[PDB]
$ cat work_32.txt   # compact mmCIF, C-alpha atoms and all ligand atoms
# COMPACT_ATOMS: atom_id res chain seq x y z
CA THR J 17 93.21 159.39 107.17
CA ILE J 18 92.17 158.73 103.58
CA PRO J 19 94.47 160.38 101.01
CA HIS J 20 92.78 162.82 98.65
CA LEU J 21 94.03 162.92 95.06
CA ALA J 22 93.26 165.23 92.15
CA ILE J 23 93.84 162.55 89.50
CA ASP J 24 90.99 162.44 86.99
CA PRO J 25 90.70 158.81 85.78
CA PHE J 26 88.31 159.95 83.01
CA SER J 27 90.62 162.56 81.45
CA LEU J 28 92.17 162.17 78.02
CA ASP J 29 95.68 162.34 79.51
CA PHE J 30 94.84 159.44 81.84
CA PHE J 31 93.40 157.37 78.98
CA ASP J 32 96.49 158.07 76.88
CA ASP J 33 98.75 156.49 79.52
CA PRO J 34 97.06 155.34 82.76
CA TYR J 35 99.92 153.32 84.23
CA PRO J 36 101.87 155.97 86.20
CA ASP J 37 98.70 157.42 87.71
CA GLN J 38 97.50 153.91 88.58
CA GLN J 39 100.72 153.30 90.50
CA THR J 40 100.18 156.61 92.31
CA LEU J 41 96.65 155.49 93.20
CA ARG J 42 97.82 152.09 94.48
CA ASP J 43 100.74 153.47 96.42
CA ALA J 44 98.79 156.30 98.09
CA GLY J 45 96.89 153.75 100.19
CA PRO J 46 94.35 150.92 99.98
CA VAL J 47 91.49 153.45 99.76
CA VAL J 48 91.77 156.92 98.22
CA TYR J 49 89.32 159.78 97.74
CA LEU J 50 89.10 161.31 94.26
CA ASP J 51 88.28 164.99 94.77
CA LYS J 52 87.55 165.52 91.07
CA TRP J 53 84.38 163.41 91.26
CA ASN J 54 83.64 162.93 94.99
CA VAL J 55 84.11 159.14 94.92
CA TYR J 56 86.25 156.65 96.78
CA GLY J 57 88.81 154.71 94.78
CA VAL J 58 90.44 151.32 95.17
CA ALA J 59 93.31 150.46 92.82
CA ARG J 60 95.03 147.48 94.50
CA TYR J 61 94.10 143.88 93.73
CA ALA J 62 93.16 143.11 97.35
CA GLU J 63 90.53 145.85 97.77
CA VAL J 64 89.14 145.52 94.24
CA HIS J 65 88.68 141.79 94.85
CA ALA J 66 87.07 142.40 98.27
CA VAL J 67 84.65 145.01 96.91
CA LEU J 68 83.61 142.81 93.98
CA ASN J 69 82.98 139.91 96.38
CA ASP J 70 80.77 141.80 98.87
CA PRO J 71 77.72 142.68 96.76
CA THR J 72 75.53 143.28 99.83
CA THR J 73 77.72 146.13 101.05
CA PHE J 74 78.95 147.28 97.61
CA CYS J 75 75.77 147.08 95.58
CA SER J 76 75.09 147.38 91.85
CA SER J 77 71.41 148.41 91.85
CA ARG J 78 72.30 152.08 92.39
CA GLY J 79 74.32 151.95 89.16
CA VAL J 80 77.80 150.77 88.19
CA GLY J 81 78.63 154.15 86.65
CA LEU J 82 79.26 157.42 88.47
CA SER J 83 75.56 158.26 88.58
CA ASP J 84 73.67 157.09 91.68
CA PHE J 85 70.21 155.85 90.62
CA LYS J 86 68.88 156.93 94.03
CA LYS J 87 69.80 160.52 93.07
CA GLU J 88 69.49 160.72 89.27
CA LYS J 89 67.41 159.02 86.65
CA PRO J 90 69.33 156.39 84.64
CA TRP J 91 69.97 157.33 81.03
CA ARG J 92 68.14 154.15 79.90
CA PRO J 93 66.00 151.62 81.83
CA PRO J 94 68.30 149.74 84.23
CA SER J 95 69.83 146.47 83.14
CA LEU J 96 68.02 143.55 84.76
CA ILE J 97 71.35 141.83 85.36
CA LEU J 98 74.26 144.31 85.58
CA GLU J 99 72.28 146.89 87.56
CA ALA J 100 70.48 144.47 89.90
CA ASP J 101 71.45 142.96 93.25
CA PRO J 102 70.58 139.54 94.67
CA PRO J 103 67.91 138.26 94.84
CA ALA J 104 66.49 140.15 91.83
CA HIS J 105 69.75 139.50 89.98
CA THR J 106 69.72 135.74 90.51
CA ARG J 107 67.17 134.39 88.06
CA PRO J 108 68.05 136.64 85.07
CA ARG J 109 71.68 135.69 85.72
CA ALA J 110 70.79 131.99 85.63
CA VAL J 111 68.97 132.46 82.32
CA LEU J 112 71.93 134.22 80.69
CA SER J 113 74.25 131.54 82.09
CA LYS J 114 72.21 128.81 80.39
CA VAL J 115 71.89 130.80 77.18
CA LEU J 116 75.68 131.27 77.06
CA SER J 117 76.60 127.83 78.40
CA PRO J 118 79.03 125.07 77.39
CA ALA J 119 76.39 123.33 75.28
CA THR J 120 75.86 126.56 73.37
CA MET J 121 79.62 126.98 72.89
CA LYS J 122 79.72 123.50 71.37
CA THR J 123 77.05 124.47 68.83
CA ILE J 124 78.88 127.61 67.65
CA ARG J 125 82.59 126.73 67.99
CA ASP J 126 83.13 125.23 64.53
CA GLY J 127 81.58 128.24 62.80
CA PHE J 128 83.46 130.72 64.97
CA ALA J 129 86.75 128.94 64.23
CA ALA J 130 86.11 128.72 60.48
CA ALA J 131 85.33 132.46 60.41
CA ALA J 132 88.56 133.24 62.28
CA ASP J 133 90.66 131.16 59.87
CA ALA J 134 88.89 132.74 56.90
CA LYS J 135 89.52 136.28 58.15
CA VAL J 136 93.23 135.62 58.70
CA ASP J 137 93.53 134.07 55.22
CA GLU J 138 91.83 137.13 53.74
CA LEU J 139 94.06 139.53 55.66
CA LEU J 140 97.20 137.66 54.54
CA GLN J 141 96.23 138.33 50.90
CA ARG J 142 96.35 142.08 51.65
CA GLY J 143 99.50 141.94 53.79
CA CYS J 144 99.16 145.46 55.20
CA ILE J 145 95.96 145.92 57.19
CA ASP J 146 94.44 147.80 60.13
CA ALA J 147 94.27 145.26 62.95
CA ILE J 148 91.37 147.20 64.47
CA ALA J 149 88.91 147.83 61.63
CA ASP J 150 90.01 144.83 59.56
CA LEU J 151 90.47 142.23 62.33
CA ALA J 152 89.50 143.17 65.89
CA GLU J 153 86.26 144.78 64.66
CA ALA J 154 85.67 142.76 61.50
CA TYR J 155 85.91 139.32 63.09
CA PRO J 156 83.40 139.84 65.95
CA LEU J 157 81.09 141.58 63.48
CA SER J 158 81.25 138.46 61.29
CA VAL J 159 80.16 136.05 64.06
CA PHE J 160 78.46 137.77 67.00
CA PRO J 161 75.48 139.53 65.33
CA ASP J 162 74.73 136.27 63.52
CA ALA J 163 75.03 134.27 66.77
CA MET J 164 72.57 136.74 68.34
CA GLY J 165 70.12 136.19 65.49
CA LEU J 166 70.12 139.77 64.20
CA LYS J 167 69.06 140.70 60.69
CA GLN J 168 71.67 142.18 58.36
CA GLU J 169 70.14 145.64 58.04
CA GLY J 170 71.17 148.24 60.63
CA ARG J 171 74.19 146.47 62.13
CA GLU J 172 76.18 149.70 61.75
CA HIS J 173 74.32 150.80 64.90
CA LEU J 174 75.88 148.15 67.16
CA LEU J 175 79.38 149.52 67.77
CA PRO J 176 78.12 153.11 68.31
CA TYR J 177 75.43 151.93 70.73
CA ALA J 178 77.88 149.89 72.78
CA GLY J 179 80.38 152.75 72.77
CA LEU J 180 77.59 154.96 74.12
CA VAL J 181 76.83 152.46 76.89
CA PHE J 182 80.42 152.44 78.10
CA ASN J 183 80.80 156.21 77.86
CA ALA J 184 77.59 156.54 79.92
CA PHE J 185 79.11 154.72 82.90
CA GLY J 186 81.52 157.66 83.17
CA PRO J 187 81.09 161.04 84.79
CA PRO J 188 79.18 163.82 82.99
CA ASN J 189 82.18 164.92 80.91
CA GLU J 190 82.23 165.78 77.21
CA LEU J 191 82.65 162.13 76.18
CA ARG J 192 79.46 161.14 77.98
CA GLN J 193 77.44 164.09 77.00
CA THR J 194 78.32 163.86 73.30
CA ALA J 195 77.55 160.13 73.30
CA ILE J 196 74.13 160.75 74.80
CA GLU J 197 73.44 163.59 72.35
CA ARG J 198 73.88 161.17 69.42
CA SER J 199 72.16 158.15 70.97
CA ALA J 200 68.56 158.32 69.73
CA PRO J 201 68.93 156.37 66.43
CA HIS J 202 71.13 153.68 68.01
CA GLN J 203 68.80 153.19 70.98
CA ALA J 204 65.86 152.95 68.58
CA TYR J 205 67.50 150.27 66.44
CA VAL J 206 68.77 148.28 69.43
CA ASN J 207 65.50 148.35 71.36
CA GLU J 208 63.64 147.19 68.24
CA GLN J 209 65.93 144.19 67.59
CA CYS J 210 65.27 142.97 71.15
CA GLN J 211 61.66 142.04 70.35
CA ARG J 212 61.03 138.32 69.86
CA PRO J 213 59.97 138.39 66.15
CA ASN J 214 63.22 140.13 65.16
CA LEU J 215 65.62 137.45 66.47
CA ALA J 216 66.36 134.52 64.17
CA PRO J 217 65.65 130.97 65.36
CA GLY J 218 68.41 129.22 67.30
CA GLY J 219 70.41 132.35 68.19
CA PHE J 220 71.14 133.82 71.60
CA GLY J 221 68.20 136.24 71.46
CA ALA J 222 65.63 133.59 70.56
CA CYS J 223 67.01 131.41 73.35
CA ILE J 224 66.49 134.21 75.88
CA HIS J 225 62.89 134.63 74.75
CA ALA J 226 62.39 130.85 74.90
CA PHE J 227 63.33 130.86 78.60
CA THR J 228 60.35 133.09 79.45
CA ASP J 229 58.10 130.15 80.33
CA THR J 230 60.21 128.41 83.00
CA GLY J 231 59.40 130.80 85.83
CA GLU J 232 62.87 132.33 85.75
CA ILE J 233 61.99 135.38 83.63
CA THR J 234 58.75 136.66 82.21
CA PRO J 235 58.22 137.64 78.57
CA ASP J 236 58.56 141.35 79.38
CA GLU J 237 62.07 140.74 80.81
CA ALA J 238 63.45 139.11 77.66
CA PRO J 239 63.95 142.24 75.50
CA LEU J 240 66.07 143.91 78.18
CA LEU J 241 68.19 140.76 78.52
CA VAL J 242 68.77 140.73 74.76
CA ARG J 243 69.73 144.39 75.18
CA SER J 244 72.31 143.27 77.75
CA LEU J 245 74.06 141.00 75.23
CA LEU J 246 74.06 143.66 72.51
CA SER J 247 75.43 146.20 75.02
CA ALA J 248 78.09 144.03 76.64
CA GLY J 249 79.15 141.39 74.14
CA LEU J 250 80.53 143.09 71.00
CA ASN J 251 82.81 146.06 71.69
CA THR J 252 84.37 144.28 74.68
CA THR J 253 85.47 141.37 72.50
CA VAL J 254 86.68 143.79 69.83
CA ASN J 255 88.94 145.47 72.36
CA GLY J 256 90.02 142.13 73.85
CA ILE J 257 91.10 140.82 70.45
CA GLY J 258 92.69 144.14 69.55
CA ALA J 259 94.60 144.03 72.83
CA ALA J 260 95.86 140.52 72.06
CA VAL J 261 97.04 141.54 68.60
CA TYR J 262 98.71 144.65 70.02
CA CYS J 263 100.50 142.51 72.62
CA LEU J 264 101.69 140.04 69.99
CA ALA J 265 102.89 142.94 67.83
CA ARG J 266 104.84 144.50 70.72
CA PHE J 267 106.17 141.22 72.21
CA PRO J 268 107.42 139.22 69.21
CA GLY J 269 108.99 136.62 71.50
CA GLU J 270 105.51 135.73 72.69
CA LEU J 271 104.18 135.47 69.15
CA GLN J 272 107.01 133.02 68.54
CA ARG J 273 106.08 130.94 71.59
CA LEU J 274 102.44 130.98 70.51
CA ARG J 275 103.35 129.76 67.01
CA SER J 276 105.38 126.94 68.55
CA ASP J 277 102.40 125.74 70.63
CA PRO J 278 99.02 126.94 69.33
CA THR J 279 97.34 125.31 72.34
CA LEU J 280 98.54 128.38 74.26
CA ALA J 281 95.96 130.44 72.33
CA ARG J 282 93.34 130.45 75.08
CA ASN J 283 95.79 131.57 77.77
CA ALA J 284 97.44 134.09 75.44
CA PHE J 285 94.00 135.71 75.14
CA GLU J 286 93.35 135.54 78.89
CA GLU J 287 96.73 137.18 79.49
CA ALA J 288 95.81 139.93 77.01
CA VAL J 289 92.62 140.55 78.99
CA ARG J 290 94.67 140.91 82.18
CA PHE J 291 97.39 143.01 80.55
CA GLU J 292 95.18 145.53 78.75
CA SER J 293 91.86 145.12 80.65
CA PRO J 294 89.31 146.31 78.05
CA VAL J 295 86.89 147.17 80.85
CA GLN J 296 89.08 149.48 82.92
CA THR J 297 86.85 150.73 85.73
CA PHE J 298 83.48 150.09 87.34
CA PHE J 299 81.64 151.49 90.34
CA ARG J 300 79.68 150.15 93.29
CA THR J 301 77.61 152.04 95.88
CA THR J 302 77.89 151.38 99.62
CA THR J 303 74.66 150.34 101.36
CA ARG J 304 76.02 150.96 104.88
CA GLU J 305 79.00 152.39 106.67
CA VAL J 306 81.86 149.96 106.00
CA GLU J 307 85.52 149.51 106.91
CA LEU J 308 87.66 148.76 103.86
CA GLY J 309 91.45 148.66 103.92
CA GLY J 310 91.43 150.48 107.25
CA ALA J 311 89.21 153.35 106.07
CA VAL J 312 85.62 154.07 107.07
CA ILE J 313 83.30 154.68 104.12
CA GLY J 314 79.84 156.05 104.80
CA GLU J 315 76.56 154.79 103.39
CA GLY J 316 75.53 155.79 99.89
CA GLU J 317 79.05 156.47 98.59
CA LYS J 318 80.33 155.58 95.14
CA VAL J 319 83.43 153.36 95.04
CA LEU J 320 85.48 153.28 91.84
CA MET J 321 87.28 149.98 91.20
CA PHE J 322 90.35 150.13 88.95
CA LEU J 323 90.20 146.67 87.34
CA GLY J 324 93.14 147.33 85.03
CA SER J 325 95.23 148.58 87.96
CA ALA J 326 94.34 145.53 90.06
CA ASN J 327 95.49 143.40 87.12
CA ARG J 328 98.89 145.14 87.27
CA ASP J 329 99.35 145.34 91.05
CA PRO J 330 102.83 143.99 91.95
CA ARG J 331 101.42 143.03 95.35
CA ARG J 332 99.57 140.29 93.45
CA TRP J 333 101.44 139.66 90.18
CA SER J 334 105.07 138.94 89.37
CA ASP J 335 106.33 141.26 86.62
CA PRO J 336 102.78 142.56 86.09
CA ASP J 337 103.89 144.83 83.23
CA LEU J 338 105.11 141.90 81.09
CA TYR J 339 102.89 140.06 78.61
CA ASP J 340 103.48 136.35 79.38
CA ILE J 341 101.33 133.83 77.51
CA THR J 342 102.17 131.07 80.02
CA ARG J 343 101.35 133.16 83.11
CA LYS J 344 98.98 131.62 85.64
CA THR J 345 96.24 134.17 84.95
CA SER J 346 93.57 132.68 87.23
CA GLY J 347 92.24 135.36 89.57
CA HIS J 348 92.63 138.37 87.30
CA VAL J 349 89.64 140.72 87.48
CA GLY J 350 89.39 141.62 83.78
CA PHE J 351 86.03 139.79 83.73
CA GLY J 352 85.15 140.85 87.29
CA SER J 353 84.80 138.46 90.22
CA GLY J 354 81.94 137.00 92.21
CA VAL J 355 78.25 137.02 91.43
CA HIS J 356 78.42 139.44 88.48
CA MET J 357 81.57 137.92 86.96
CA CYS J 358 81.14 138.20 83.19
CA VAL J 359 78.29 135.90 82.17
CA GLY J 360 79.55 136.02 78.58
CA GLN J 361 83.13 135.01 79.40
CA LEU J 362 82.83 131.71 77.52
CA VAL J 363 81.84 133.57 74.34
CA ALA J 364 84.68 136.08 74.76
CA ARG J 365 87.21 133.31 75.38
CA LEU J 366 85.95 131.29 72.40
CA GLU J 367 86.30 134.26 70.03
CA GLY J 368 89.74 135.20 71.35
CA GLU J 369 90.98 131.61 71.35
CA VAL J 370 90.00 130.83 67.77
CA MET J 371 91.41 134.12 66.46
CA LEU J 372 94.73 133.63 68.26
CA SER J 373 94.79 130.01 67.04
CA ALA J 374 94.37 131.18 63.45
CA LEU J 375 97.20 133.69 63.91
CA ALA J 376 99.39 131.06 65.60
CA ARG J 377 99.00 128.69 62.66
CA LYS J 378 99.06 131.15 59.76
CA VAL J 379 101.21 134.18 60.64
CA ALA J 380 104.98 134.37 61.11
CA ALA J 381 105.31 138.04 62.07
CA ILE J 382 103.15 141.02 63.07
CA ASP J 383 104.94 144.34 62.55
CA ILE J 384 103.43 147.71 63.33
CA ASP J 385 103.89 149.73 60.17
CA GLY J 386 101.94 152.94 60.72
CA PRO J 387 100.73 155.42 63.32
CA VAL J 388 98.90 153.82 66.24
CA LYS J 389 95.77 155.73 67.32
CA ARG J 390 94.04 155.21 70.66
CA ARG J 391 90.25 155.30 71.09
CA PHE J 392 89.07 157.30 74.11
CA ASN J 393 86.12 156.01 76.16
CA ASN J 394 85.15 156.61 79.78
CA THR J 395 85.41 152.93 80.69
CA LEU J 396 86.77 150.96 77.68
CA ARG J 397 90.47 150.84 76.84
CA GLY J 398 91.47 150.05 73.27
CA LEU J 399 92.85 151.31 69.99
CA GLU J 400 91.14 153.08 67.12
CA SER J 401 93.74 152.10 64.51
CA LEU J 402 96.61 149.59 64.53
CA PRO J 403 98.37 149.38 61.15
CA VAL J 404 100.31 146.12 60.88
CA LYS J 405 102.01 144.06 58.22
CA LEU J 406 101.21 140.35 58.55
CA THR J 407 103.86 137.97 57.20
CA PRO J 408 102.52 134.52 56.29
CA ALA J 409 103.97 131.45 57.95
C1 LIG U 501 86.90 140.40 76.49
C2 LIG U 501 85.56 140.54 76.52
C3 LIG U 501 84.78 140.92 77.80
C4 LIG U 501 85.21 141.58 78.89
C5 LIG U 501 86.63 142.15 79.14
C6 LIG U 501 84.10 141.66 79.83
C7 LIG U 501 84.10 142.25 81.08
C8 LIG U 501 83.07 142.15 82.01
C9 LIG U 501 83.12 142.53 83.41
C10 LIG U 501 84.34 143.13 84.13
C11 LIG U 501 81.92 142.26 83.96
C12 LIG U 501 81.52 142.49 85.43
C13 LIG U 501 80.75 143.79 85.61
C14 LIG U 501 80.50 144.06 87.07
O1 LIG U 501 81.06 143.35 87.95
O2 LIG U 501 79.73 145.01 87.38
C15 LIG U 501 81.08 141.70 82.92
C16 LIG U 501 79.77 141.32 83.10
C17 LIG U 501 78.92 141.00 82.06
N1 LIG U 501 79.29 140.68 80.77
FE1 LIG U 501 81.16 140.78 80.00
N2 LIG U 501 83.01 141.04 79.24
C18 LIG U 501 83.40 140.56 78.00
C19 LIG U 501 82.63 139.87 77.09
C20 LIG U 501 81.27 139.68 77.18
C21 LIG U 501 80.46 138.98 76.23
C22 LIG U 501 80.98 138.32 74.93
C23 LIG U 501 79.18 139.03 76.66
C24 LIG U 501 77.91 138.43 76.02
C25 LIG U 501 77.92 137.68 74.91
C26 LIG U 501 79.17 139.75 77.91
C27 LIG U 501 78.09 140.04 78.71
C28 LIG U 501 78.14 140.43 80.04
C29 LIG U 501 77.01 140.61 80.93
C30 LIG U 501 75.52 140.45 80.53
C31 LIG U 501 77.47 140.97 82.14
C32 LIG U 501 76.63 141.26 83.41
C33 LIG U 501 76.68 139.99 84.27
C34 LIG U 501 76.07 140.20 85.63
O3 LIG U 501 75.82 141.37 85.99
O4 LIG U 501 75.84 139.19 86.37
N3 LIG U 501 80.47 140.13 78.20
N4 LIG U 501 81.81 141.64 81.73
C1 LIG U 502 80.51 144.78 82.19
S1 LIG U 502 80.05 145.66 80.68
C2 LIG U 502 78.25 145.54 80.56
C3 LIG U 502 77.62 144.49 81.18
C4 LIG U 502 76.24 144.38 81.10
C5 LIG U 502 75.54 145.35 80.40
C6 LIG U 502 74.03 145.26 80.32
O1 LIG U 502 73.44 144.42 81.05
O2 LIG U 502 73.42 146.07 79.58
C7 LIG U 502 76.18 146.41 79.78
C8 LIG U 502 77.55 146.51 79.87
CL CL U 503 69.18 152.24 75.37

$ encode --input "work_32.txt" --output "structure tokens"
Amino acid sequence: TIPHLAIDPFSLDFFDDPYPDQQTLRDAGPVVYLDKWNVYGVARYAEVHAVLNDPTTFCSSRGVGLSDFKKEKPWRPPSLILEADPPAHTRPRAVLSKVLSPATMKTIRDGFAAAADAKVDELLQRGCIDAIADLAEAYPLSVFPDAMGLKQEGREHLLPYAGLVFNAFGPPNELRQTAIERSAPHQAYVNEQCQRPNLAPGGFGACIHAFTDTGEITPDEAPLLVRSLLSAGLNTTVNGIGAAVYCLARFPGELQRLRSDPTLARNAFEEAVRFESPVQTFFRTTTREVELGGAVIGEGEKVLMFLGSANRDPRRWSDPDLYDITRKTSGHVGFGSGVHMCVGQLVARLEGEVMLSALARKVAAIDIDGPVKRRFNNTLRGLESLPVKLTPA
């Protein structure tokens, strides 16, 4: 009853161009079985949305990667938020919500925006730049570690550590196994910066530790919640901003609309998140036998959600393969949906908005002028190198 496919969604060929195989996965049926990894797959918007919004049946505490924590030991202590179910999830989630809340966004917005404007002014002096290293990476590195409260020394560990985290959600392929082989120094640095004395006053990390006396979290939970932000909040934004720049470079008509109304910056970024989906795939594990899209899934089965595919499903979106900065993007699953929906989404949107605003006001054209190189990761989509010429407005 369930179609069985041999598509490997963690293969280099799939990463290089996932869109045809994602259509094959959607069109095969609402629920597929992936024989390569012995998991169920859902690639349509409807089933991805349903799975995300039934956390009792499709749990996270057995891992959101391929590995089932009931069968294998996790590669690092489980996240207290991502890898927890209600009720254990609820209070750590509330703490991170308040740490990354509107009031916090108000305190950091002016500095984030000034840093975005400054970076674009600097890039315009060079003209020809790499929109990954020099923009998508450089900008978040200039604001997020400081907003966390991290010291200057050792920040070179942050991107490798986060890359490791996202490779580790994948199956035990060469990408995952090489990442884990190289992890020790990055884990050591990251774990150390999570301790209270190492986080500067007023930053996100200090705020997490300050919440350890309200009865929501205890002091011993705070380091792992700082670890969550370092794991989840840097390389995702890098790829989101890189995706937005790539879209503007490939769809010049939309750059022109954005220049004509810079208030479209926030939605231009949201549309880039839908269109490229930096976080491509995530898993759940069934806690009972369940009927989903007409199929019967047994207990203890891994279910792979194709977030990027759901964000391009023509059953849900008109012209899903077009980048449209005025699209009604509400409901896309690029940040998830339901109780785990990205707790850092306001930080991501602030960074993307102020960078796209700076581009909208300062740049007249973005022209690819060199070889584009993709970066391969088991669950993140994004580029390694994006040579562009920026023409000033
Ligand atoms: C464009 C940038 C980002 C994207 C595409 C993204 C994507 C996602 C997605 C899809 C989830 C849901 C995971 C699931 O349902 O299992 C999530 C959760 C989460 N995100 Fe983000 N994220 C981004 C930025 C950030 C930032 C900036 C932070 C922190 C500053 C952050 C921290 C987290 C955390 C801690 C969770 C777990 C929330 C929970 O389990 O309740 N993310 N993110
Ligand atoms: C959705 S990506 C991500 C989210 C949370 C964590 C974490 O809690 O460590 C890591 C990655
Ligand atoms: Cl770790």

$ closest_residue --input "work_32.txt" --among "J:223, J:349, J:149, J:124" --to "residue 326 (chain J)" --atoms "all atoms listed in the file"
J:349

$ closest_residue --input "work_32.txt" --among "J:199, J:29, J:380, J:395" --to "residue 294 (chain J)" --atoms "all atoms listed in the file"
J:395

$ residues_near_ligand --input "work_32.txt" --ligand "ligand CL 503 (chain U)" --cutoff "9 Å" --atoms "all atoms listed in the file" --output "NGL selection string"
:J and (91-93 or 177 or 180-181 or 199-200 or 202-204 or 206-207 or 243 or 247)

$ residues_around --input "work_32.txt" --residues "region 233-239 of chain J" --least-positions-apart "3" --cutoff "7 Å" --atoms "all atoms listed in the file" --output "ChimeraX atom specification"
/J:107-108,210-211,224-225,227-229,242-243

$ atom_distance --input "work_32.txt" --atom1 "CA of residue 317 (chain J)" --atom2 "CA of residue 187 (chain J)"
14.7 Å

$ residues_near_ligand --input "work_32.txt" --ligand "ligand LIG 502 (chain U)" --cutoff "10 Å" --atoms "all atoms listed in the file" --output "JSON, numbers by chain"
{"J": [80, 92, 93, 94, 95, 96, 97, 98, 99, 100, 178, 179, 181, 182, 185, 240, 241, 242, 243, 244, 245, 246, 247, 248, 249, 250, 251, 252, 294, 295, 296, 297, 298, 350, 351, 352, 356, 357, 358, 359, 360, 395, 396]}

$ closest_residue --input "work_32.txt" --among "J:232, J:286, J:270, J:43" --to "residue 113 (chain J)" --atoms "all atoms listed in the file"
J:232

$ residues_near_point --input "work_32.txt" --point "(96.1, 145.4, 63.2)" --cutoff "7 Å" --atoms "all atoms listed in the file" --output "PyMOL selection string"
chain J and resi 145-148+151+261+402-404

$ closest_residue --input "work_32.txt" --among "J:129, J:254, J:28, J:50" --to "ligand LIG 501 (chain U)" --atoms "all atoms listed in the file"
J:254
